[PDB]
Amino acid sequence: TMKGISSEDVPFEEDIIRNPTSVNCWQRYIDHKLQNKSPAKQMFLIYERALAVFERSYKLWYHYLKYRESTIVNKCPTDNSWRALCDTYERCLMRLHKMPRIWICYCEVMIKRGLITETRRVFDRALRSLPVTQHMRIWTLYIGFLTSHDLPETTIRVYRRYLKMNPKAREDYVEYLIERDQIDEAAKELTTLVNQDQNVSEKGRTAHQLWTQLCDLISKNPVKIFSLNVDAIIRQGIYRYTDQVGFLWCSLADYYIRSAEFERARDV
Amino acid sequence: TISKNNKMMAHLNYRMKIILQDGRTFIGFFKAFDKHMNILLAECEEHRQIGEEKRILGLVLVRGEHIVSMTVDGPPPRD
Amino acid sequence: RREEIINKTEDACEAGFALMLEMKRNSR
Amino acid sequence: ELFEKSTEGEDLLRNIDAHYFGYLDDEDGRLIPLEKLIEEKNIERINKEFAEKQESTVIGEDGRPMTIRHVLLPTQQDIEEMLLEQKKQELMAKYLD
Amino acid sequence: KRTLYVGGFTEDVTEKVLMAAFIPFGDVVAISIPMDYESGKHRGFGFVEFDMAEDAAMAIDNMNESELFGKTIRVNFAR
Amino acid sequence: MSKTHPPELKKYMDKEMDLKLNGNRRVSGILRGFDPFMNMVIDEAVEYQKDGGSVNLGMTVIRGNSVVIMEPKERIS
Amino acid sequence: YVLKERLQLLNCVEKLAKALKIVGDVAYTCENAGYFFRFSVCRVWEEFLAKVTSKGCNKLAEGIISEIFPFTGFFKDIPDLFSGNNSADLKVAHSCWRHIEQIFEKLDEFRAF
Amino acid sequence: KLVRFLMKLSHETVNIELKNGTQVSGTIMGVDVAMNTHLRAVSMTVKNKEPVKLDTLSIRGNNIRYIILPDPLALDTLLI
Amino acid sequence: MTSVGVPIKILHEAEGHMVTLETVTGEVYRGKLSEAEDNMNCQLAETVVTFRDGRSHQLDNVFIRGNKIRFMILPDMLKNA
């Protein structure tokens, strides 16, 4: 049945009824109910009742949402109890949507559920909802989630959003794309790096070293690259780089030899 | 238990017994550790030898230098 | 670079001619 | 090499746009079937690792339909009278006995 | 560890607004906004004291670099 | 790191105080001494013995590590 | 125009919240108004349709829709909104809902601004 | 050096003497140089008290008066 | 940055309240505490001592040297930290 009162926590319940003025009257109740070592289903009720009065209190929400995650932790993440936790974060965010920790905890819970398709969507909401100055807390989770999985097409689109606010991460984007065999996209981003005239990147590479990594990448992968006139860029290195002309003529031939275009290899 | 930080954390949330230089034996909960072996003892009870006597005590901090013997044996605690 | 450029165009032949043989068979 | 040594001796807001907030990235929809395939292997992967161990439906924030599971609970008024009846029983029992 | 420094807010942020903002994190015991006597307005910073140190830590981890009335406020422990 | 300073001995120095010793002996003396070793200097002091009468102690030194028990007659303000 | 209309729509959200006796800064932003719509306006609306469908079809008084309809205070500038016929009043009630729902649809598009 | 013996010393059985004329026998399982002594499967014999058994005991090594060491412990390699 | 002195922070929190301590002579002292040092030296202002038979005396000041003493009992308020 839906009704039932103890003999032992009635003073805390009656105290709240006469003193509806502070969270402390509920905290004394909630703190008491835990010392009893009481059932989790009763704790959810007292928290949701307290959060009906004090719906903007971050403390009770953060404690309640973490208490749900605590007692459900022994259940498999496929279980519907983890789905019910996410629906509780939605109700929390309907007040505390400007608090980053709730968004971060919501996103971590979606990762623990292992779903992908709308975990990305929860992240997209967090970016729209939080101040831009808070977004670095989100992006390091958002990218970390995506780069933990074999999700090349999604991660590409999310990264070129991310690099509009943190362009210094483009070096790490290149390293991701190479590991995911996105060689043509990796070479596109390297050219974007080489088109920046800063003397060195945050990974300690100068423009000549970044351009050498492009010539490396572009000559040794003839079959995998399509957007770049590989011959044109390497001849743009025989131009200007007068101290390595003999190397770059062989590097251009090496590209054609790996393409098995031996006729044009002899032309070079 | 003694001094080592990682061992200190494992022994928390258990009932621990202390014996001192004057023959009294103490049993108390603890949740603190100083690497020079100073610990905070809570909900303690002491026994005295004259006959026998027991007293109810307030919360205590203990210095390891005085501790003669320490042992850990307890059920799930009270908060 | 004298040792770099020769030996790295030697494997380039190896990778290249291994692929050439695959192409010459698939044409059949 | 002196320029390589020059850093040793030694602005995002203007680029935030509609693309950053993800208004211009999701019309395609071919991402979901790839995500689905990884999503199910995750479910199997967690199962194997674990094996050894009211409602409202509304248009959500991102235009996609969600559901809210509003909690149904006795509010303070119903529990106020519930504890009232309980305490009267022990009081009258103590007064007679 | 219980007193926080809040800085960078707009002239529309009164003591009641800071009280309103920081109450979500815990019980606030006092707020002190040093006002500039020459202008009669605050210097764009004010202090908030919490009853519990854990509530102050939750305030930093959320309110730091938040927008309050369109300006990014900085929240840190008052040195 | 930083460590700490000696106590605010200035608030208690030059007052007249009684000192207690092991074996239930009593001493009454004026105190004026401080050092980084935290010793004590007592002057114009009188001893109350457990096995005799009383004698006056002329310019008395007490090693700081050994004994430190004080009872003062003037209330601190 | 978008900035001007957004402000006039949020005044309606304030007016709607006043009719619902909901206290809070729900008209401050489109984002606040969207959560207000989903959690509160939609809940009360679905709680109205439940009373009509589960009981009002055959075991409640005639014209009770004129009593249980929640947004009567929002359309206070329309006289004689409900005629007193449950089979008819449910249609204009749905027409009243589409007016409220259209306000928040416009806001959700204006959030980008 | 003596510091090598205390850190290496583990698993063997020893008898321990405490300042209050108390004797203890316990097996050691610990790895540190600071002489912190942790015992398991312990028997206790206090002066003017009956013997009692203890499942585990922990002792500040500096407080111990002297430790009695078992026969197969080749102390010579530990002392070097 | 600095991160050291964790017992010192606890010791500072114990200041201003009432402490209990016992001495090698066997009697128990009760006193209000407001002085602390890294070398564990401590001073109590206003103090009451009680002996193991029935005699008690009041003391206005007691100074404690941190290296030739038995340990002191700190107030309960520290548990909140």
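Refer to the preceding data block for the structure.
Cut-off values and rules
- Residues numbered from 1 in each chain as written, not as in the entry; some residues may be left out.
- Chains lettered and ligands numbered in written order.
- Part of a larger assembly, values for the part shown.
- Heavy atoms only, no water.
- Contact = heavy atoms within 4.5 Å.
- Salt bridge = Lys/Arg side-chain N within 4 Å of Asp/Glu carboxyl O.
- Polar contact = N/O pair within 3.5 Å; in protein donor to acceptor, adjacent residues only side chain to side chain.
- Helix = DSSP H or I, 4+ residues; strand = E, 2+ residues; numbered from the N terminus.
- Nonpolar A, V, L, I, M, F, W, Y, C, P; charged D, E, K, R; others polar.
- Buried area = accessible area lost by both parts, 1.4 Å probe.
- Buried < 20%, exposed > 50% of the residue type's maximum accessible area, 1.4 Å probe, protein only.
- Pairing = 2+ DSSP bridges.
- Axes fitted to C-alpha atoms, helices over the stretch in contact; angles between N-to-C directions.

Here we take up the interface of chain A and chain D. Accessible area lost upon the coming together of the parts is a frequently used measure of interface size. Taken together, the contact between chain A and chain D spans 47 residues of the former and 42 residues of the latter. The interface formed by chain A and chain D holds seven salt bridges in total. The residue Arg161(A) makes a salt bridge to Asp25(D) at a minimum N-O spacing of 3.3 Å. Taken together, chain A and chain D are joined by 18 residue pairs in polar contact. When residues of the side of chain A that touches chain D are traced back to their parent elements, those giving at least two are helix 1 (10–18), helix 3 (40–53), helix 5 (80–96), helix 7 (119–129), helix 8 (135–146) and helix 9 (152–165) of chain A. In terms of residue count, the dominant contributor to the side of chain A that touches chain D is helix 9 of chain A (seven residues). Residue composition of the side of chain A that touches chain D, by class: 17 nonpolar, 10 polar and 20 charged.

Between chain H and chain B, the contact holds 16 residues from the first and 17 residues from the second. It is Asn20(H), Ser58(H) and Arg60(H) that lose the most area in chain H upon contact with chain B, and together they represent 33% of the buried surface on that side. Linking chain H to chain B there are zero salt bridges. Between the two partners, chain H and chain B, sit seven residue pairs in polar contact. Mapped onto the side of chain H that touches chain B, the elements with two or more residues apiece are strand 3 (37–45) and strand 4 (52–59) of chain H. Among the elements that take part in the side of chain H that touches chain B, strand 4 of chain H stands out by supplying five residues, more than any other. Of the residues belonging to the side of chain H that touches chain B, the class tally is five nonpolar, seven polar and four charged.

Per the stated rule, a full pass over the model turns up 66 salt bridges over all chains. With a closest N to O distance of 3.3 Å, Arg48(B) and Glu53(B) form a salt bridge. We note a salt bridge from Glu40(D) to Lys36(D), for which the minimum N-O separation is 3.2 Å. Here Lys36(D) and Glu40(D) lie together in helix 2 (residues 31–52), a separation of four residues that amounts to about one turn. Taking relative accessible area as the criterion, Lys36(D) reaches 42% and is therefore assigned partly exposed. One continuous salt-bridge network, built from bridges that share partners, spans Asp22(B), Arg24(B), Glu46(B), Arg48(B), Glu53(B), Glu22(I) and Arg52(I).

With that settled, consider the pairing of strand 6 (residues 69–72) of chain B. All names here are of chain B. Of the two faces of strand 6, the one holding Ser69 and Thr71 and the one holding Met70 and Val72 are both buried throughout. One ladder, built from four bridges, connects strand 1 (residues 16–19) with strand 6; its direction is antiparallel. Bridge pairing in strand 6 links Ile19 to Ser69.

Our next topic: the sheet that holds strand 2 (residues 28–32) of chain E. Residues and elements named next belong to chain E. The four strands are arranged 2-3-1-6 in an open sheet whose pairing can be described as antiparallel. In this open sheet, the two edge strands, each paired with only one partner strand, are strand 2 and strand 6 (74–77). Strand-to-strand twist across the sheet, computed as the mean angle between neighbouring axes with direction ignored, equals 25°. In the sheet, strand 1 (residues 3–7) pairs with strand 6 via four bridges, with the strands oriented antiparallel. Its bridge partner being in strand 6, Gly7 is matched across the sheet by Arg74. Across the sheet, helix 2 (residues 53–63) touches strand 1, strand 3 (45–50) and strand 6, and the angle it forms with strand 6 is around 150°.

Residue and element names in this part refer to chain H. With respect to the helices, strands and loops of the structure, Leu79 is situated in helix 2 (residues 75–79). Overall, the relative accessible area of 41% leaves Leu79 in the partly exposed class. Each C-alpha atom, one on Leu79 and one on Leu6, is 9.3 Å from the other, the two residues being 73 residues apart in sequence. Excluding residues within four positions of it along the chain, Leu79 makes contact with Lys1 and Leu2.

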